[PDB]
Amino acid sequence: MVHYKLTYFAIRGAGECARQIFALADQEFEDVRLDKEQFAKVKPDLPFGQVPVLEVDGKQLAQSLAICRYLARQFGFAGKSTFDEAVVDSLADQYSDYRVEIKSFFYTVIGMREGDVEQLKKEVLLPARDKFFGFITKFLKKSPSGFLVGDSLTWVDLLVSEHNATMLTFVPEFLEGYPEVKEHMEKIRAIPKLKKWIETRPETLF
């Protein structure tokens, strides 16, 4: 069959969505986890000199979003129509904008950058999250099934549920003003094959 290989760091981060799609599909893949120094050696061979990279039968595909969308389409977690597919897409991009907003908080909290936590929480993380969650919860309120688009799992469900789960580990009161978002993170993560993966996957933080 198709051979899949995902090359990324030894964290969840931007590789985890792919992993979560594979586990939802019962799809074997080679899960290759690099440290900093091995990234430095292989990166000139990557399409944009960056991880995560997906090879399918040796053919490279980079960019988490493009990878996550591709695998979802292959295994039917993209949306049930091309329009719902675009809607999934639009939420995943809104999520990414958010992530750009908070890049200075996250990289400080994960100990990879210099800065003041509580202050970067106040001025950068909490605003950015309010806007993002404000929009996310409108989608959730118009969804009786609890999934972000339609009434079936799509790849954004994973992006957002997994990020929230990670955040709680750094910011215990992250879901404070947002009961729907919390309900969503628990609904997605209790999906048996996903649940199995969260239990068995390598343990990192973030």
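One rule holds for the numbers: they count along the sequence shown, beginning at 1.
*Asks:* Averaging CA B factors per stretch from the PDB record, which one is higher: 86-94 or 100-108?
*Replies:* The deposited B-factors put 100-108 ahead on the C-alpha mean.
*Asks:* Once you work out the mean C-alpha B-factor for both 141-149 and 40-48 from the entry, which is higher?
*Replies:* Per the PDB entry, the higher value belongs to 141-149.
*Asks:* Tell me, please, which of 169, 60, 27, 64 has the highest C-alpha B factor according to the deposited entry?
*Replies:* It is 27.
*Asks:* Among the modelled residues of its chain, does the C-alpha B-factor of residue 180 lie in the lowest, middle or highest third?
*Replies:* According to the entry, residue 180 has a C-alpha B-factor in the chain's lowest third.
*Asks:* Using the B-factors in the PDB entry, rank residue 173's C-alpha atom against the chain and give the third, lowest, middle or highest.
*Replies:* Tercile = lowest for this residue's CA B-factor.
*Asks:* Is the Cα B-factor recorded for residue 120 in the lowest, middle or highest third of its chain?
*Replies:* Bottom third by C-alpha B-factor.
*Asks:* If you rank the chain by CA B-factor, which third does residue 159 end up in: lowest, middle or highest?
*Replies:* Top third by C-alpha B-factor.
*Asks:* Could you look up the Cα B-factor of residue 31 in the entry and say which third of the chain it sits in: lowest, middle or highest?
*Replies:* As the PDB entry reports it, the C-alpha B-factor of residue 31 lands in the lowest third of its chain.
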